[PDB]
Amino acid sequence: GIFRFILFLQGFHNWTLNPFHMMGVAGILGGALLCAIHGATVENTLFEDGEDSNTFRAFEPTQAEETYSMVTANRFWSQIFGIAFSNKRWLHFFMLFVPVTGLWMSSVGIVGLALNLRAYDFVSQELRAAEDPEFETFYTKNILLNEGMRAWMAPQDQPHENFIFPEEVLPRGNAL
Amino acid sequence: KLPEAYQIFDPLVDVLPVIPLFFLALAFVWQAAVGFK
Amino acid sequence: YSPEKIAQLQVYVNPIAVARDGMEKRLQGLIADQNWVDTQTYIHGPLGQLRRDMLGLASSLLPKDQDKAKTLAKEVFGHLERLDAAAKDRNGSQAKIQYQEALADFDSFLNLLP
Amino acid sequence: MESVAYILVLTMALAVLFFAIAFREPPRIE
Amino acid sequence: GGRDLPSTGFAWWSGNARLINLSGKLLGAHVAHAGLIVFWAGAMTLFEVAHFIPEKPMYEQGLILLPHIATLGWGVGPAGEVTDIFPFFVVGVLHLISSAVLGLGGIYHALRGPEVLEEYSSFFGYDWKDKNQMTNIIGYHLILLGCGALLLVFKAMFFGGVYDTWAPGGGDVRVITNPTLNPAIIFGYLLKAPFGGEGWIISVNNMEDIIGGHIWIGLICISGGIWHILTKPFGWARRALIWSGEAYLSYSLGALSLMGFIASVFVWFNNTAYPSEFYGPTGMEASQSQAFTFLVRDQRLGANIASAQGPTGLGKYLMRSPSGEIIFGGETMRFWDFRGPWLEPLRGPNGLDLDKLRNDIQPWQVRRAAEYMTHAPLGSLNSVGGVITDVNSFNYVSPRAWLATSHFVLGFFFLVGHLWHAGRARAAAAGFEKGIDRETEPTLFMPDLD
Amino acid sequence: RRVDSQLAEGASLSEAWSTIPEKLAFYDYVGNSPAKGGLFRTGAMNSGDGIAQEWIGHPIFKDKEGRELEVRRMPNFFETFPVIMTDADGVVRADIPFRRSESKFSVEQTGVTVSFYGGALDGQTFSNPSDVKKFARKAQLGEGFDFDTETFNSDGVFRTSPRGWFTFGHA
Amino acid sequence: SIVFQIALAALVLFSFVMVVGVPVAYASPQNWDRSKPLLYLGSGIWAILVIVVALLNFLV
Amino acid sequence: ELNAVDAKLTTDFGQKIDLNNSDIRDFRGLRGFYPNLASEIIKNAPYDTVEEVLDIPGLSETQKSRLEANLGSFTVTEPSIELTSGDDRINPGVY
Amino acid sequence: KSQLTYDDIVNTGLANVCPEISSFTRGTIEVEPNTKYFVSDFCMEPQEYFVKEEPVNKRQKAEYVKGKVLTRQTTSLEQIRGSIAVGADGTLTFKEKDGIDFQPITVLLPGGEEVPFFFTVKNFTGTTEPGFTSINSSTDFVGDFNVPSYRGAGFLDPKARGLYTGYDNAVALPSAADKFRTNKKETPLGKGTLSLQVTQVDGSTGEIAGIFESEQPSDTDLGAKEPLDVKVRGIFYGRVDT
Amino acid sequence: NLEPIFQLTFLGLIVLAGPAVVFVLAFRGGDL
Ligand code: CLA
Ligand code: CLA
Ligand code: CLA
Ligand code: CLA
Ligand code: CLA
Ligand code: CLA
Ligand SMILES: CC1=C(/C=C/C(C)=C/C=C/C(C)=C/C=C/C=C(C)/C=C/C=C(C)/C=C/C2=C(C)CCCC2(C)C)C(C)(C)CCC1
Ligand SMILES: CCCCCCCCCCCCO[C@@H]1O[C@H](CO)[C@@H](O[C@H]2O[C@H](CO)[C@@H](O)[C@H](O)[C@H]2O)[C@H](O)[C@H]1O
Ligand SMILES: [Ca+2]
Ligand SMILES: [Ca+2]
Ligand SMILES: [Fe+2]
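Residue numbers (the deposited numbering), protein chains in the order written: chain D, 177 to 352; chain K, 9 to 45; chain Q, 33 to 146; chain T, 1 to 30; chain C, 11 to 460; chain B, 286 to 456; chain Z, 2 to 61; chain U, 37 to 131; chain O, 31 to 272; chain Y, 62 to 93.
Dropping the structure here:
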């Protein structure tokens with residue numbers, strides 16, 4: 177059901193083209209990235225606090241000392257990526273800020289879609305392709321894909337509307 | 009199909025390939041018997 | 033072989049005869065004109081069901097000339113493999129040789145046919 | 001001319017990257 | 011040998027690391043695992059036989075092991091039809107019985123035998139740091155591996171041969187009499203670009219080349235084994251390499267990842283070592299078979315397949331490759347490097363030949379193209395064959411898809427394992443695999459970057 | 286209802302449809318629905334279809350057999366919509382096909398004609414399938430109107446009304 | 002032919018008893034003196050049962 | 037404006053099988069036509085009148101009787117190159 | 031190439047090259063004045079491409095600008111079957127029958143204009159001057175050929191408008207959907223003029239080779255633009271069946 | 062079929078065997 181809703185928003189709303197969704201994608205992917213990179217960095221800058229190869233036993237919940245080197249982590253990322261966190265408080269705030277902000281932005285975009293306020297088209301490219309039949313972009317191709325989805329999915333997805341679309345009116349490319 | 013003299017143990021043959029999965033699970037069973045020491 | 037069994041063999045006898053014909057006709061000519069590209073295409077396409085057929089026939093013959101036709105069939109395939117090597121190595125000399133021996137062993141297979 | 005706008009915003013982004021790396025606040029142990 | 015965290019420093023989920031310096035128990039773990047491998051070979055083969063329908067094609071029955079046996083030329087005749095199921099059954103049973111011997115030996119060495127072989131024998135006792143002995147073990151195994159390659163050679167030359175899909179007069183088991191010994195061809199194969207039209211070693215397309223390769227491989231592997239037994243690692247290798255058990259594991263993991271990717275590509279693209287009569291068409295073959303199937307239909311309906319331009323302006327059935335070769339039209343233009351024993355009869359020096367395409371088509375070629383096109387290696391995870399939008403009535407996923415997908419995944423995860431163990435071996439050799447020492451943290455003695 | 290009341294009184298089709306206030310017909314045009322706009326289709330709705338100039342009147346489409354066909358209207362969800370015409374008991378009798386190799390219900394094949402009642406085209410009949418298809422596409426959007434697309438260099442994509450913009454901002 | 006199935010059933014059941022017995026025998030160090038010859042007996046009998054099945058397959 | 041195939045659809049080509057423009061699948065409706073007789077008709081096109089579909093060289097008795105029994109399913113319009121060029125009358129891209 | 035296999039020419043661009051009469055002779059294919067000669071494997075290799083620029087002025091000469099082919103070694107017609115028919119007056123008639131007789135080619139003109147065209151010899155009927163009794167160096171077949179539309183009637187533009195398929199209007203702009211003259215696609219049948227000047231004849235094998243000059247319109251994009259005039263020069267080869 | 066019954070019986074035997082070995086080795090103070 178969720179997958180249907182997702183594809184419906186693609187084909188009817190061009191939701192991937194929506195900047196609000198794009199900010200949401202950036203937030204969720206950046207949240208995953210931050211999770212993976214913090215976890216890995218912390219695990220690989222751990223202080224030698226025990227004799228065993230099992231480094232997990234070398235942490236006390238009440239210990240006052242940091243369990244990993246922030247200076248070593250900072251230098252590593254500064255020399256690998258060019259920049260690095262140097263304030264742990266800012267690092268952990270950023271880990272909250274990014275995904276949360278992404279969810280809020282995507283929600284704003286969805287609120288737009290409630291009213292059919294969609295970033296559906298680039299009118300410049302539609303006007304040009306209307307006038308210039310040699311002109312094609314990935315955007316125009318996605319527009320065509322959406323028209324196909326809508327025509328082929330509407331009768332079964334909205335059975336109450338009694339959409340009778342005879343085979344001859346269904347958009348389709350050659351052969352396929 | 010198996011040769012006719014072996015068609016008897018056919019239900020046994022159908023359940024043979026899975027056993028190494030049971031070996032992997034048996035590693036965990038033995039660890040749990042020793043308390044994951 | 034009973035006429036009714038002779039009929040059952042025809043299923044296989046027909047393609048074999050078509051093959052025997054074209055081998056004597058186009059293949060000889062191809063080898064003569066040194067058309068190795070075409071010689072190779074001929075032994076892999078027109079003759080591309082020769083083994084399934086010759087052996088199917090042999091297996092379906094009476095249990096007396098069965099193995100002999102089997103051994104005869106295998107002989108022809110061996111000569112056709114040397115025709116292919118010769119043709120792939122532009123060796124006109126061995127090509128004619130293998131062609132003749134394939135037809136000889138194909139001739140004997142056909143003699144084992146009721 | 002929208003091409004000029006696009007190139008300009010992209011260039012601003014890349015130049016910010018350069019300055020943020022080459023001229024960052026130097027992390028110091030205090 | 012410690013079997014707990016306090017005595018080894020390794021948790022239960024890293025328990026097999028407790029065997030690193032317990033050569034006897036480690037040997038037991040290895041022999042019992044080998045036993046698992048041989049057990050799967052035998053048991054899965056017997057499963058495939060019990061589930062095998064002899065008349066139905068092998069690739070329609072979810073078989074991946076019987077195709078390997080049939081390629082070796084056991085149990086099959088011309089065009090890959092099954093002559094006798096007994097050889098497949100024999101192969102399965104012999105693996106299944108040997109599995110018990112290896113299981114016993116493994117459980118013995120793992121549980122009862124010496125935990126360390128160093129004391130017992132100088133021959134079997136090894137220290138990871140003892141380069142001479144580790145190279146001895148490399149050598150003994152290289153000689154057995156080369157012997158196995160020569161076993162393949164012997165089967166193909168003196169013991170009934172192997173299935174040659176390219177055989178004249180139709181595919182069949184063939185005895186290889188002239189294997190390619192020419193080192194230029196054999197090693198040229200290694201030097202070919204791994205891109206379309208060349209395919210590196212994936213493009214090996216005749217059993218003579220495959221067999222000549224295995225004579226070279228057997229010879230080089232036997233020579234390298236003897237070299238490694240009679241030599242010691244030289245200075246440059248002693249200086250550029252990490253000499254530890256985990257390091258050698260990581261090296262073998264890198265090698266395994268490389269071989270897994272290679273096997274994936276091999277089964278996906280090559281139809282010589284993986285005959286389509288057992289493995290089904292390659293995806294390139296299925297696409298070309300579609301183009302060919304409708305070439306024949308439309309031609310028989312009276313169309314001019316040569317001069318028929320399609321809606322784009324390119325030829326509907328026939329076009330030219332970017333180097334000018336006459337090829338099949340449509341999206342299949344990408345698979346124009348495809349070679350197949352049912353297609354190659356219709357190819358001329360310039361590519362597809364109009365005279366052949368108009369006069370020399372054969373019903374077996376049309377049937378083969380129809381079968382290969384309808385068995386395109388396309389299918390769902392629950393084995394619904396054909397394109398993903400099709401309905402549920404066709405139970406088929408190509409063996410090529412299964413094998414390629416499986417070995418790509420295994421190759422990738424073994425690349426990950428290589429990185430895991432190679433980085434760990436490096437850190438452990440250097441002494442900071444357990445974390446940063448607080449007193450001598452290196453960054454505290456390094457100047458600021460700015 | 287207003288048309289049928291006039292018909293029951295005794296008026297003709299052209300007289301009855303002439304009673305329809307253009308303002309009323311204007312409300313029955315999907316371009317004035319607030320669910321047809323776009324997030325970055327800015328400004329007045331006149332910057333889209335244009336300034337409405339006049340109601341063109343009411344099309345009545347008939348096949349060659351005299352069956353009254355209605356163009357199924359564009360729903361709010363669809364940016365594009367196939368042209369379909371159904372008769373009284375809901376059977377598709379005509380359409381504008383995408384593929385004409387195997388088409389069976391084309392306006393051209395089915396001989397659809399359209400006659401207009403009221404508005405600017407009152408008392409005209411169009412039998413040329415080009416213009417019939419044009420008016421069928423017009424009927425998809427509801428009541429048809431002539432627009433002035435020059436005053437605002439209108440681009441031809443619908444905008445949303447102040448209703449839509451207010452709702453968006455406040456939600 | 003039923004003697005063949007008898008031999009094969011005996012092989013399968015002795016195989017199960019050995020799958021049970023081998024790991025217990027090798028991991029029971031205090032019972033080792035009693036269980037070494039039993040291990041030898043099981044191995045030899047298993048191999049003989051395999052050979053008997055092998056031959057009977059070739060006799061039926 | 038209408039393009040040429042749409043205008044063709046306004047004529048008799050839209051009602052019956054057109055001997056000069058209809059693709060080989062449109063002959064499937066006449067029993068015994070697809071594929072051989074439809075192929076021969078499409079191969080010997082164009083035709084000036086429907087009646088002269090009976091004057092195709094090499095036609096046998098069965099095909100002649102079959103054509104005469106279905107003369108009223110046939111119409112003849114000017115050959116439009118928008119339906120014939122590129123062997124579109126055999127494969128217009130419809131499966 | 032006569033002795034080259036497929037594996038020897040593949041990936042080398044020798045599949046798009048015209049065969050060449052090796053035996054350098056100036057032979058003559060003798061001809062009876064009332065017979066027909068089949069031509070088996072006709073090949074035309076285009077080597078030069080010229081597109082008539084359209085100056086903004088109406089009295090300036092147009093002139094032919096050379097182009098560079100953007101497509102690769104996919105520019106050759108080959109395996110073409112034809113006939114040579116001899117009139118009672120010594121006229122030779124070339125009548126191309128079928129084969130791989132078209133190739134779409136795209137050339138780039140200086141200034142960045144891409145000009146695709148349907149390079150073809152479809153239905154070519156070329157005639158020489160009356161009075162020939164042999165095929166020699168003087169033979170020059172001159173005639174017209176058909177140039178069908180570069181895009182088929184099944185073609186779909188980026189907004190899915192086509193001729194017998196696709197939309198008939200600009201669906202992205204419902205209010206202005208019938209504004210665009212490009213809503214009507216046509217595929218008019220063009221004409222080319224080809225000359226085959228025969229320069230080398232090998233009478234021992236019936237082979238003819240020469241040079242050709244073609245003149246044809248370019249792609250119009252289903253009528254979206256006026257076609258340019260394209261000039262193609264190259265070499266050809268044929269074998270005459272006697 | 063009695064086959065689903067035989068397959069499930071063999072599978073149950075095989076499933077119980079390994080845990081049974083561990084259980085016997087734990088109950089009898091084996092070298093677990
Ligand atoms: C391929 C799989 C494999 C193999 C061969 C081994 C092998 C080994 N492991 Mg490892 N292990 C594995 C997977 C494997 N492990 C997995 C997946 C885990 C995670 C759960 C572990 C976790 C682990 C830990 C935590 C430890 C080991 C240890 C050991 C070694 C000592 C075993 C011992 O004393 O157990 C005793 C167990 C038993 C006595 C229970 C019975 C076991 C037998 C073998 C069952 C066999 C049944 C079989 C059907 C019989 C067939 C008989 C006949 C037909 C041939 C041994 C060499 C130990 C070690 O390093 O020692 C220093 C150790 O501490 N392993
Ligand atoms: C190289 C390995 C390989 C390959 C290619 C195949 C392929 C096949 N097998 Mg076989 N099989 C294998 C191993 C393999 N098998 C093993 C090890 C066993 C023992 C359990 C079996 C037991 C077996 C049986 C009993 C049967 C098959 C069948 C089949 C066929 C259908 C498969 C299917 O529906 O899967 C469904 C797909 C899945 C279940 C997906 C599995 C997903 C895995 C678990 C993901 C793991 C990936 C990764 C490594 C995870 C690591 C995580 C960590 C590293 C981060 C197919 C030909 C069937 C058939 O047709 O037989 C004739 C059948 O009945 N197989
Ligand atoms: C990689 C496999 C491998 C390796 C390296 C070893 C190594 C060793 N084993 Mg072990 N073992 C294995 C497998 C292995 N075993 C298996 C599978 C079994 C089950 C049958 C056993 C059962 C076993 C027992 C019961 C004992 C040993 C012992 C020993 C030690 C002395 C061996 C000996 O007598 O000298 C050398 C022996 C020979 C030269 C003759 C044997 C060679 C074999 C039997 C013939 C060739 C192998 C094969 C059939 C041919 C190729 C294999 C094929 C897969 C290609 C040595 C550490 C003994 C020990 O611990 O002593 C303290 C001991 O008591 N092993
Ligand atoms: C599994 C087989 C195996 C293994 C593990 C080893 C292991 C070893 N060999 Mg041996 N060798 C083998 C087989 C094997 N050999 C065989 C079969 C032969 C016969 C030809 C030899 C002949 C041989 C010689 C003559 C020498 C060794 C040496 C060595 C040692 C260092 C080699 C090294 O640094 O490699 C890493 C390789 C390099 C550093 C070379 C650089 C190559 C560049 C990076 C290109 C690499 C290609 C690219 C990355 C991969 C492309 C993929 C594709 C080609 C598969 C090491 C102990 C050396 C030694 O110390 O002798 C005792 C030595 O001099 N080997
Ligand atoms: C032949 C290959 C090989 C060998 C011998 C080893 C050996 C070792 N590894 Mg390595 N490893 C390998 C490959 C290999 N690894 C690969 C390919 C990867 C990448 C995924 C890793 C990743 C890895 C990590 C991350 C670590 C090791 C560690 C270790 C050590 C302890 C392992 C242990 O006790 O596991 C115990 C076994 C288990 C806990 C069972 C794992 C269960 C997995 C999730 C199931 C995988 C899917 C499986 C196919 C089942 C799917 C079916 C499903 C439907 C149920 C040991 C030296 C540890 C180490 O460094 O110690 C020094 C360690 O932390 N390995
Ligand atoms: C609730 C507030 C509200 C509403 C509903 C409207 C509604 C309307 N106005 Mg008015 N307007 C407003 C406030 C409002 N206005 C204000 C405050 C001003 C002063 C700037 C104006 C100035 C103004 C003018 C000058 C004009 C209008 C016009 C219009 C009409 C067209 C609207 C349009 O095209 O929007 C377009 C809206 C958008 C494209 C939405 C922009 C969304 C922004 C860019 C998203 C950015 C968010 C942020 C950057 C992302 C977060 C990042 C994260 C890290 C935090 C419509 C009736 C036009 C009209 O027709 O007048 C007759 C006109 O010409 N308005
Ligand atoms: C071939 C053959 C054979 C063999 C077999 C065998 C070899 C066996 C094995 C066996 C086995 C090998 C088994 C085992 C199993 C296992 C199991 C069954 C387990 C399970 C698991 C689980 C259940 C888990 C759980 C858990 C744990 C424990 C840990 C933690 C977590 C949890 C809680 C979850 C026989 C004899 C039959 C005969 C015939 C033939
Ligand atoms: C080192 C940093 C600088 C980067 C390197 C600079 C080289 C890149 C050259 C592009 C610069 C602009 O130069 C020129 O731009 C025009 C504008 O579209 C291009 O013109 C192209 O597109 C336009 C419109 O799309 C067409 O009318 C024209 O026929 C076509 O060729 C030219 O192809 C390009 O040569
Ligand atoms: Ca079964
Ligand atoms: Ca039709
Ligand atoms: Fe943290």
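From the three backbone atoms N, C-alpha and C, an ideal C-beta is built for every residue, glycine too.
Contact test: B/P319 Cβ vs ligand 7 heavy atom, cutoff 7 Å: Incorrect: B/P319 has no Cβ contact closer than 7 Å to ligand 7.
C/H61 in three-state terms, based on DSSP: Note: C/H61 maps to coil in three-state DSSP.
Limits of the alpha helix (DSSP H) - the one that D/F270 falls within: For D/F270, the enclosing alpha helix (DSSP H) starts and ends at 264–290.
Element boundaries [beta strand (DSSP E), containing O/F266]: O/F266 -> beta strand (DSSP E) spans 259–269.
First through last residue of the alpha helix (DSSP H) which encompasses D/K317: Annotation: the continuous alpha helix (DSSP H) that includes D/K317 extends over 314–333.
Cβ shell of C/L36 (< 6 Å), same chain only, five flanking positions each side left out: Around C/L36: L29.
Whole-number beta carbon distance between C/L121 and Z/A28, since they are thought to touch under 8 Å: Contact between Z/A28 and C/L121 holds: CB atoms are separated by about 5 Å, below the 8 Å threshold.
8 Å Cβ cutoff, Y/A81 in contact with chain Z: Interface residue, yes.
CB contact check: C/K444 to chain D, cutoff 8 Å: Taking Cβ atoms only, chain D reaches closer than 8 Å to C/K444, which makes this a yes.
Residues in the region 20–42 of chain Z having any Cβ partner in chain Y nearer than 7 Å: Contact residues of the region 20–42 of chain Z toward chain Y are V20, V21, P24, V25, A28, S29, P30 (C-beta to C-beta distance below 7 Å).
Member of O/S70, O/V231, O/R191 whose CA lies at the smallest distance from the CA of O/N213: Among O/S70, O/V231, O/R191, the Cα nearest to that of O/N213 is on O/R191.
Local conformation of C/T93 per DSSP, three classes: Looking at C/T93 - three-state DSSP - the assignment turns out to be coil, as it is neither helix nor strand.
Distance between beta carbons of C/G11 and C/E125, contact taken as under 8 Å: At roughly 5 Å, the Cβ-Cβ gap stays under 8 Å, so C/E125 and C/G11 are in contact.
O/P146 and O/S248 closer than 8 Å at C-beta: In this structure, O/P146 lies near O/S248, with their beta-carbon atoms less than 8 Å apart.
Environment of B/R385 [buried if 16+ CB atoms lie within 10 Å]: Classification of B/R385: buried, given that the 10 Å Cβ count is 16 or more.
Neighbour flag for B/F432 against chain D, beta carbons, 8 Å: B/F432 is outside the set of residues whose beta carbon lies under 8 Å from a beta carbon in chain D.
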